[PDB]
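A.B. asks: sequence-free structure coming up:
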DNA sequence: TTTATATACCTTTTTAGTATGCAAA
DNA sequence: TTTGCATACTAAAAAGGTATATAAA
């Protein structure tokens, strides 16, 4: 599992659509759909209900989303505070 | 930047060695070295002490290392919890 | 010297892009 | 119908492997 999976999944959940999330991140919709499949096949857990329009998270996917943004918000903290330390000698 | 980069960096710092870390990660040494280089270049900061052999972190790299471990741990915790839920053996309200 | 990391070069794997099918409303 | 996610295929990007040059110890 890479950050790509979280970054993409979060986008899908936030925009409640693959197509809009695709456009938000400036990638094609299919390779986005494939990443979300791979994530789910890796975990062995279905995170989104489909069709169903718009897309909705499953209870598991909801929990996973809530956590994923905590993690991604931390990658931000991590990187930015690292850079702050580099600037200064 | 991806989790693999963190996972690699962590290996190198712990083993204080690219060749040992690469053996543990089951890839060759040259890939590991480039991946680390890429991570450094992508952030634009030096994480490791090149020039000294018992390979050591820079102050920035040290902070980054300590953060990474918490991050990677929370990734495991997320997955572990999600599975617990998904198996329907939740003890989460 | 020896021993470990960086570079050069090539292969394999993964991800992104395009065309299009198919299902939801 | 129109609209949006999925599947099939191709293209590009990125990761990984082997050989070897190079710099610490």
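C.D. replies: Great, that's in hand. Numbering: from 1, shown residues only, chains lettered A, B, ... in the order given.

A.B. asks: Just the strands from chain A, written as ranges.
C.D. replies: A:48-49, A:56-57 (DSSP state E).

A.B. asks: Show residues contacting the first one.
C.D. replies: I take that to be strand A:48-49. Under the criterion Cβ atoms under 8 Å, 6 or more residues apart in numbering or on different chains, residues A:12, A:13, A:36, A:40, A:55, A:56, A:57, A:58, A:61 lie in contact with strand A:48-49. For every residue, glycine as well, the C-beta is placed using N, CA and C.

A.B. asks: picking up where we left off before, quick one: the strands of chain A as a markdown table, columns for distance to residue A:68 and mean neighbour count too.
C.D. replies: Formatted as a markdown table, the strands of chain A follow (distance: least, Cβ to Cβ, whole Å; neighbours: other Cβ atoms under 10 Å in any protein chain shown):
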| stretch | distance to residue A:68 | mean neighbour count |
| --- | --- | --- |
| strand A:48-49 | 13 | 16 |
| strand A:56-57 | 11 | 16 |
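
A.B. asks: residues in chain A within reach of DNA strand C, list them.
C.D. replies: Taking Cβ under 7 Å from any atom of the strand, the part of chain A that reaches DNA strand C is made up of A:2, A:4, A:26-32, A:34-35, A:38, A:51-53.

A.B. asks: neighbour-wise, which of those residues leads?
C.D. replies: When neighbours are counted by other Cβ atoms under 10 Å in any protein chain shown, residue A:32 leads the residues of chain A next to DNA strand C with 21 neighbours.

A.B. asks: In contact with that residue, which residues?
C.D. replies: Residue A:32 neighbours (Cβ under 8 Å, 6+ apart): A:8, A:11, A:12, A:18, A:21, A:22, A:25.

A.B. asks: Could I get the contacting residues of the fourth one?
C.D. replies: Which is residue A:18. Contacts for residue A:18 were tallied using Cβ under 8 Å, 6+ apart; they are A:12, A:29, A:32, A:33, A:36, A:55.

A.B. asks: Of all the helix elements in chain A, which one is longest?
C.D. replies: When chain A is scanned for its longest helix (criterion: DSSP state H), the result is helix A:59-86.

A.B. asks: buried residues in that helix?
C.D. replies: A:60-61, A:63-65, A:67-68, A:71, A:75, A:78-79, A:82, A:85-86 (16 or more other Cβ atoms under 10 Å in any protein chain shown).
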